[PDB]
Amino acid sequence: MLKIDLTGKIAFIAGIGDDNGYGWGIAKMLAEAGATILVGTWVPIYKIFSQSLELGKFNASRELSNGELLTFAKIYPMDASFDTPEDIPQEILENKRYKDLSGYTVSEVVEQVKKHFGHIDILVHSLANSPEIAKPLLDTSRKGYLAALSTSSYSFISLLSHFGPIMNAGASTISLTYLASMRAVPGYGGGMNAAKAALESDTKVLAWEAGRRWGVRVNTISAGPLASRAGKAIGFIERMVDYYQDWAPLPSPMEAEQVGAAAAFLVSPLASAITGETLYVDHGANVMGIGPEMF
């Protein structure tokens, strides 16, 4: 037999806000492979996510092939915009969603993980935001652009920089990107193109640095369109899904567990020679040199 075996491994997944995104899909497949799952959930939705899970609202999505339910060892409120408490502005501190929580900056979450688990094996980054995604880049503000980069790109560096010293041998990371990183996709606004370009560039540089510092592998998955929370909010994700079905080598729609399976493989000992890679899991759409009108 050939197993993707993650038994006893501890994965931290940053960016699970419901059962509809890639983060959930990755969690599910890492669990199928035997991993222990810790979750970073964004502060302003932490209460609702954690409550919905306890109230059984996600149970249809928790079914594992062994009959058991997907279970998280711990869920940490987190805002990966902030490395230390000093970084948090008064506007955030006085926000009612934040004021009733504590220990949610990156350095703080990592210290808690260290206290309770000692080490991690797998770091998964499945988070992105721009406050101005609906704006053309020409019309995107400086603060908006830098916010897109801070949340969507630097957040990875912060997570790896802080978790790195407590990663075990054979540890690796996963982040998620989209092809608009280095090809023009009108509609992907608010500096999100730059944030993904940065994320992909950093994947390569970090593969070398983390590789030489800790022996850690660093890979990114470029996914096709999915009607997640983020996806649905853009306003036309359904048009993108349909377009990809007409465009791609294969017509099947994305499912979060497809990206999850690729992530499981990449963080497993079966991928020890794979690092710095951008792996396309988009039914081959990215290889096309023309749109479906000229087929």
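We number the residues from 1 along the sequence you see.
A.B. asks: Taking the mean of the C-alpha B-factors per stretch from the entry, tell me the winner out of 242-250 and 61-69.
C.D. replies: Comparing 242-250 with 61-69, the higher mean C-alpha B-factor belongs to 61-69.
A.B. asks: Which is higher on average in the deposited entry, the C-alpha temperature factors of 255-263 or of 224-232?
C.D. replies: It is 224-232.
A.B. asks: Identify, among 33, 26, 38, 43, the residue whose C-alpha carries the highest B-factor in the deposited PDB entry.
C.D. replies: The record points to 33.
A.B. asks: Divide the modelled residues of the chain into thirds by Cα B-factor and specify which third, lowest, middle or highest, holds residue 209.
C.D. replies: Ranked within chain, residue 209 CA B lands in the middle tercile.
A.B. asks: Based on the deposited C-alpha B factors for this chain, I'd like to know if residue 108 is in the lowest, middle or highest third.
C.D. replies: Middle third by C-alpha B-factor.
A.B. asks: For residue 158, does the deposited CA B-factor place it in the lowest, middle or highest third of the chain?
C.D. replies: It belongs to the middle third of the chain when residues are ordered by C-alpha B-factor.
A.B. asks: Determine, from the deposited record, the chain-internal third of the Cα B-factor for residue 170: lowest, middle or highest.
C.D. replies: Answer is highest: the recorded C-alpha B-factor places it there.
A.B. asks: What third of the chain does residue 203 rank in for C-alpha temperature factor, lowest, middle or highest?
C.D. replies: As the PDB entry reports it, the C-alpha B-factor of residue 203 lands in the lowest third of its chain.
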